[PDB]
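Counting neighbours? That spans all protein chains shown, and the Cβs are built from the backbone with ideal geometry, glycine included. Taken together, the values in this text are just the output of simple stated rules run on the coordinates, not laboratory data.
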Amino acid sequence: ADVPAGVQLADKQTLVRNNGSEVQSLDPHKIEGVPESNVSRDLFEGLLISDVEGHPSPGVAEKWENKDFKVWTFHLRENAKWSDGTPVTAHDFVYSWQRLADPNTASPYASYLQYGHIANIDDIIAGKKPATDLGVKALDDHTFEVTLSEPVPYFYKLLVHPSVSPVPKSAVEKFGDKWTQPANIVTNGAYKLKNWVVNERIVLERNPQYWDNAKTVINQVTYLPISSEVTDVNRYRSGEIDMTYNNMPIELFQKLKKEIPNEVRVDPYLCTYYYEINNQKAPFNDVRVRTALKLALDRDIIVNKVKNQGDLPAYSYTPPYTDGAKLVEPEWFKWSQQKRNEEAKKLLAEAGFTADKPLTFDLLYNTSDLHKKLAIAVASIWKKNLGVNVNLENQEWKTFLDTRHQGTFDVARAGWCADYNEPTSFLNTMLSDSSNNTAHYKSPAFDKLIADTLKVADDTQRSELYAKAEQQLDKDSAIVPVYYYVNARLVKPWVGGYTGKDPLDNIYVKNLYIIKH
């Protein structure tokens, strides 16, 4: 943290953050969500990290070079250490990226190495080559070299994500799935794990071995698993919580802006809220059905009447304000809702649905006040505008994500936030073979457009191809875009260091501090 001249620090430097749900895991290779990543940034540090405004900055690597954007060489700081006092080396990164690539680890982020195009990853994912063939090597203990199969100019931006953080081989091997328990875990970020009570709290304490430990201010941070946004705001206003999770309750938000305006932080956020359709399951494998659901949803009602929290109606998957996005707004989005409804009802009638045999399906959402109220409104809207019946189903976060990967669903509430600020951070998740493709969408035309983006050496042609890929996704109605999120949360006046300037919201508790109050 960089404490401004003159601020008086509180005597007790502790923080309580709500984290939206119980994490899937603390293992960097077994996670894919925001709550998981929130805890991961405090515990495990990769090659680079985001600074307080979101810029990619030195992490374990203090400096790096690239040759033709294909061979990237990272110089690791000599004093980077694990919480047991042992050095973090380039060998730790070799082992870790191999474990991420290995099919036996079954990481949801195995395709992150395809997104960066590390040499040989496709054959490794498909089991044709061993993970030791991955294009990474330790040139010495403090030098990690990555070789890609084609130039990737934004490659370093991917490196702040948890999936490419190091994991301690000795603990993983000796303890297996229990390596992340407090007694066994070894970490290299600013904090160490003190307590992990499932569905109660995660407590982190400062890691004295962290290389930048002298600049860490907060001594202990607790992460809570509260999925009710109303309850989170209640425990923030009672004094227990210092920073809520950034999902806000419909019940109280309007009230909050007028009662405590200075605590309500609302900033840009590169995330998209959408209904994910399972594209491989009839009748959702019919584009007419998917288009009808997309058009009949009334975004103005949801975004402006039901939610009204500053979100913008969405017509794409990649947010239009992503760095490099130059998207073409489709004609259906400019139409009136009445015209969208007619087209939708027409496509459904063409699809074979009638009043006698209506379209009836499930709408899965993870437990949440926000998601439940929005799914009840969407169910109503679809019933009124299109005559479809939906059965709402809630599941806790970890189970919800597993359900989506299994494909044991019809339509699911969904949200993707960028991992690096560039359109492929969204677009690569819709590639046929992506480990993050929970839409189960497979389009050779879409895959080809994205493959062609690194076959050109021009950001204008790249942007044009990203626009065309969005148009292909839209023409196939792979998803139902609803709105582009804003990052809205409550932060007590005494929490210093949270700028809100990073549109990826990659907060590190090592950057915050408590002002005397």
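Provide the per-residue ³J(HN,Hα) series for segment 219-224, in order, calculated from phi with Karplus coefficients 6.51, -1.76, 1.60 and θ = phi - 60°, each as a whole number of Hz, with x at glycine and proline positions.
With coefficients 6.51, -1.76 and 1.60, one gets 8, 8, 10, 10, 10, 9 Hz.
What net charge do the residues around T231 carry, taking every other residue with its C-beta under 12 Å from that of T231, with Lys and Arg at +1 and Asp and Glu at -1?
Result for the local shell: -3.
If each residue of separation counts as 0.36 nm, what is the full-extension length gain between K215 and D122 once their alpha-carbon separation is subtracted?
29.4 nm
Provide the percentage of antiparallel DSSP beta bridges, counting only those with both residues in segment 271-486; round to the nearest 5.
Counting DSSP beta bridges with both partners in segment 271-486, the antiparallel share is about 60 percent.
For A183, project a label point 7 Å along Cα to C-beta. Then give me every residue of segment 205-233 with its amide nitrogen under 20 Å of that point.
Within reach of a label on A183, which here means backbone N under 20 Å from a point 7 Å along Cα→Cβ, segment 205-233 contributes 205.
Please give the net charge around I125, taking every other residue with its beta carbon less than 12 angstrom from that of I125, where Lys and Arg add +1 and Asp and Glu add -1.
Charge balance near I125 sits at -3.
Give me the net charge of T499's neighbourhood, meaning all other residues with Cβ under 12 Å from the Cβ of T499; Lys, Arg count +1, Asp, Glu -1.
Summing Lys and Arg as +1 and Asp and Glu as -1 gives -4.
Between segment 380-416 and segment 95-169, how many Å separate their Cα centres?
33
What share of the DSSP beta bridges in the chain is antiparallel, in percent to the nearest 5?
80
Against the longest principal axis of the chain, how steep is helix 287-296, in degrees 0 to 90 to the nearest 10, with axes from Cα atoms?
For helix 287-296, the angle is close to 90 degrees.
Which entries in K192/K398; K137/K169; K258/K492 show an alpha-carbon gap greater than 18 Å?
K192/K398
I want to check the label-to-label distance for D362 and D323. Put each point 7 Å from Cα in the C-beta direction and report it in nm to one decimal.
In this crude spin-label approximation the distance works out to 4.0 nm.
How much length is gained on full extension from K501 to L139, taking 0.36 nm per residue of separation minus their Cα-Cα distance?
Separation in residues times 0.36 nm, less the Cα-Cα distance, equals 126.7 nm.
If I model a spin label as a point 7 Å beyond the Cα along the Cα-Cβ vector, how far apart are those points for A10 and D300 in nm?
4.5
Take the alpha-carbon centre of segment 218-239, take the same for segment 12-90, and report the distance between them in whole Å.
First find each Cα centre; the distance between them is then 24 Å.
Could you pull out every one of the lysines with an alpha carbon less than 28 Å from that of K357, ignoring same-chain neighbours closer than 8 positions?
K281, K294, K339, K345, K346, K372, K373, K383, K384, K475
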